[PDB]
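# Experimental structure below, sequence on top.
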Amino acid sequence: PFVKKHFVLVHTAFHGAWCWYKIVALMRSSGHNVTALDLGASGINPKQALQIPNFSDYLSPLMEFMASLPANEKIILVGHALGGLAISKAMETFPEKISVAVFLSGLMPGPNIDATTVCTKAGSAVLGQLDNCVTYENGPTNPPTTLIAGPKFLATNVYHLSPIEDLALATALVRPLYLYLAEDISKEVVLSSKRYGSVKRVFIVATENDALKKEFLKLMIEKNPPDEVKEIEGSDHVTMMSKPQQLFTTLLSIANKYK
Amino acid sequence: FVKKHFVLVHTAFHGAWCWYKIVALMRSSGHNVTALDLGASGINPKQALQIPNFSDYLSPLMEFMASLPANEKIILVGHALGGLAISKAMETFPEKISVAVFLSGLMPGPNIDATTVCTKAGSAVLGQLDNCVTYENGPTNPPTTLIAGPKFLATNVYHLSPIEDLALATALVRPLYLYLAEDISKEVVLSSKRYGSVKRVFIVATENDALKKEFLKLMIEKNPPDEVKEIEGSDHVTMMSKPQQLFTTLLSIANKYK
Ligand SMILES: C=CCCCCCCCCCC(C)=O
Ligand SMILES: C=CCCCCCCCCCC(C)=O
């Protein structure tokens, strides 16, 4: 008995809706509804990084989408890494519209390990890594304005287990990420047990993730326990690129279990 | 093995991203490749309304061509609408191009000009299936931009390509400013001494469109190239449906016109 479901996919830093193309295809092909979103200044979003210094505007595309969702319609919300922040806010704001939330190697802050804590730890693994660089559109007196992912950083830390053509796709598509202030992030993402915590949650681990160490990972899982943790072996950070079929079946299974 | 430099130019709605399979094959084989985004294409910062003049659309390529030291020749590949862009580049920097390749591209010449090839190309897209136009200059002025619908992409463009590539494109196609024939005709002027001096190869690649193939045959007849090659089983986006074949063809062309 087929039950049509609605998957909503949220990308990580530098990326956009385009990174899910293999997953979007498998979904639409099986009869499910899927929405892959471009966050602020991501993918083909019209905004430029410098134009959106407020974290609020980076998340607006998902919040607007969440608000426009029809009555009584539930979705399986999936966030990849940094996208974890975006969906956490969506969970806190519209808990009743989310069947189950999935954190794919996602930043999963909780009441006992706030957003800024997770953002600082995350920042350390990206800033200064290989050829990644920052800009100073506001002068040396102020914090760097944006972060730009380098091709070597992508090939080594993110796409090391993915098809080489996927690496080429990424280099031609990744955009700068405005370096949002922790203070601003801390005010936008505030989670409570009664709302955020009432949403079924599952975390997916990428066994060969070289972008986000398992140390930091186990920390979030331990300090903000999900309803379940699943693994995907042989996957690098971008599971949707390196292990698409496995991620797809894992998502259908998760969808079925929490419907 | 002589290292070479391939410069790829996309067609309407697309961007440098559509060449990802070809770009991957060239880098791994040792060659250098540049996949550019034209104005308001791919991740180019401009929005269609900001580039109402065709010159604005071509700027990323003209700009790239100028930065090239005359001694570093390239193989310039233009796809479909991209044919107009490389034609302009052929006229301005003729000596920097070893050979110019038109992948089912618009190939205007002295006998069949830019406005002619354009009007024809546009009739195959405007009003087709779920495509639509916008009016940012008011309801009384001609439409400003053309947007590619997903059904049109599935049926008329990616019909012979992997389903994921259709999904990829639906997530990345951007609007195209509806340039004026008058602007285009004035921007794309070609002369036998410059444009005509560049080695030119046309690649035929289309499958279930007799009229499309006819139009393509009309340009080859009116503006004869130095050679015509063919690729079978390709839909509109050969780089998606027949990657390995397109790649092989490009290397062959490159090794022959050093
Ligand atoms: C505190 C500054 C905000 C910037 C957030 C940096 C963290 C991004 C983590 C995701 C890494 C990736 C390649 O997906
Ligand atoms: C004078 C009209 C110029 C605008 C014509 C736009 C149509 C694009 C045709 C090329 C087909 C394609 C997208 O590959």
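Yes, it's here. Residues are numbered from 1 along each chain as shown, chains lettered A, B, ... in the order given. Ligands and ions are numbered 1, 2, ... in the order given.

# Residue A:102 sits in which helix or strand?
Taking DSSP states H and E as the definition, residue A:102 sits inside strand A:98-104.

# To clarify, my last question referred to residue A:35.
Assigned by DSSP H and E, residue A:35 belongs to strand A:33-37.

# Now do the buried residues in that strand.
Across strand A:33-37, burial judged by 16 or more other CB atoms under 10 Å in any protein chain shown covers A:34, A:35, A:36, A:37. In this view, the C-beta of every residue, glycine as well, is placed from N, C-alpha and C.

# go on, stretch A:170-182?
A:170, A:171, A:172, A:173, A:174, A:175, A:176, A:177, A:178, A:179, A:180, A:182.

# Show me the two of those residues that sit farthest apart.
Using CB to CB, the two most remote members of the buried residues of stretch A:170-182 are A:172 and A:182, lying 31.1 Å apart.

# list the helices and strands whichever helix or strand comes after the strand holding residue A:102 packs on?
Later in the chain than strand A:98-104, the nearest helix or strand by DSSP H and E is helix A:115-126. Packed against helix A:115-126 by the contact rule (3 or more CB pairs under 8 Å, 6 or more residues apart in numbering or on different chains; DSSP states H and E) you find helix A:83-93, helix A:182-188, helix A:214-223.

# what does helix A:115-126 rub up against?
The contact list for helix A:115-126, computed with CB atoms under 8 Å, 6 or more residues apart in numbering or on different chains, reads A:13, A:81-82, A:85, A:88, A:107-109, A:132, A:147, A:149, A:180, A:182-183, A:185-186, A:188-191, A:211-213, A:216, A:219-220.

# backbone phi and psi for residue A:204, please?
Recorded main-chain torsions at residue A:204 are phi -110, psi 120, according to degrees, to the nearest 10.

# Test my guess that it contacts residue A:237.
No. Contact criterion CB atoms under 8 Å: residue A:204 and residue A:237 do not qualify, at 11.7 Å.

# hang on, the earlier thing: with the buried residues of strand A:33-37 in mind, which one is nearest to ligand 2?
Of all those, residue A:36 has the smallest distance to ligand 2: 22.6 Å, by CB to the nearest ligand atom.

# Quick one: residues contacting the nearest residue to residue A:114 once chain neighbours are set aside.
Setting aside the residues directly before and after it, residue A:114 is nearest to residue A:186 in space (CB to CB, 6 or more residues apart in numbering or on different chains), at 6.6 Å. Contact partners of residue A:186, counting by CB under 8 Å, 6+ apart, are A:114, A:115, A:116.

# ok, now residue A:204?
A:102, A:103, A:104, A:105, A:229, A:230, A:231, A:232, A:239, A:247, A:250.

# tell me the SS of the fifth one?
At residue A:229, secondary structure determined by DSSP: H, G, I helix; E, B strand; the rest coil is strand.

# so where does the nearest residue to it once chain neighbours are set aside fall, helix or strand?
Computed as CB to CB, 6+ apart, the closest residue to residue A:229 that is not its neighbour in sequence is residue A:203, at 4.9 Å. In the assignment (DSSP H and E), residue A:203 maps to strand A:201-206.

# Just checking that strand against ligand 1, any contact.
No. Strand A:201-206 lies apart from ligand 1 when judged by CB under 6 Å from any ligand atom; the minimum separation is 11.0 Å.

# Angles on the backbone of residue A:246, please.
Dihedral angles (degrees, to the nearest 10) for residue A:246: phi -60, psi -40.

# which residues does the residue nearest to it when sequence neighbours are not counted contact?
Once flanking residues are discounted, residue A:246 sits nearest to residue A:232: 5.1 Å by CB to CB, 6+ apart. Neighbouring residues of residue A:232 by CB under 8 Å, 6+ apart: A:204, A:205, A:206, A:207, A:239, A:243, A:246, A:247, A:250.

# now do residue A:46
residue B:47.

# just residue A:257 next, same as before
residue A:100.

# mind checking how far the residue in the stretch 101-250 of chain A that ligand 2 sits nearest to is from residue B:38?
Relative to ligand 2, the nearest point of the stretch 101-250 of chain A is residue A:172 (18.6 Å; CB to the nearest ligand atom). Counting by CB to CB, to the nearest Å, the gap from residue A:172 to residue B:38 is 13 Å.

# follow-up on the earlier one: could you check how far the residue nearest to residue A:114 is from ligand 1?
Distance of residue A:186 to ligand 1, computed by CB to the nearest ligand atom, to the nearest Å: 10 Å.

# For the closest residue to residue A:201 other than its chain neighbours, which three-state class applies?
What sits nearest to residue A:201 in space, not counting adjacent residues and going by CB to CB, 6+ apart, is residue A:226, at 4.3 Å. Under three-state DSSP, the three-state class of residue A:226 is coil.

# is it true that residue A:226 touches residue A:103?
Yes. Taking contacts as CB under 8 Å, residue A:226 lies within contact range of residue A:103: 7.1 Å.

# Spit out the residues that contact these two alike.
A:201, A:202, A:203.

# Could I get the residues you listed in TSV, plus columns for neighbour count and distance to ligand 2?
Compiled in TSV, the shared contacts of residue A:226 and residue A:103 are given as follows (neighbours: other CB atoms under 10 Å in any protein chain shown; distance: CB to the nearest ligand atom, whole Å):
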residue	neighbour count	distance to ligand 2
A:201	25	43
A:202	22	41
A:203	23	42
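
# Geometric centre of chain A: which residue is closest?
residue A:83 (2.2 Å; CA atoms, centre = their mean).

# got the phi/psi numbers for the nearest residue to that residue once chain neighbours are set aside?
In this structure, residue A:83 finds its nearest non-sequential neighbour in residue A:10, 3.7 Å apart by CB to CB, 6+ apart. Backbone torsions for residue A:10, taken as degrees, to the nearest 10, come to phi -120, psi 120.

# about what we covered before: run through the residues that contact the residue nearest to the centre of chain A.
Residue A:83 makes contact with A:10, A:11, A:12, A:39, A:106 under the criterion CB under 8 Å, 6+ apart.

# Need the max-distance pair from those.
Pairwise distances among those were taken by CB to CB; the largest, 13.5 Å, belongs to A:39 and A:106.

# if we can go back for a sec, which one of residue A:226 and residue A:103 has more residues nearby?
Neighbours were counted for residue A:226 and for residue A:103 using other CB atoms under 10 Å in any protein chain shown; residue A:103 has more, 26 against 18.

# Surely the residue nearest to residue A:83 touches residue A:78?
Yes. At 6.7 Å, residue A:10 counts as touching residue A:78 under the criterion of CB under 8 Å.

# between those two, what contacts are shared?
residue A:87.

# hmm, back to that, can you add secondary structure and give the buried residues of stretch A:170-182 back as CSV?
Putting the buried residues of stretch A:170-182 into CSV (three-state DSSP) gives the following:
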residue, secondary structure
A:170, helix
A:171, helix
A:172, coil
A:173, coil
A:174, coil
A:175, coil
A:176, coil
A:177, strand
A:178, strand
A:179, coil
A:180, coil
A:182, helix
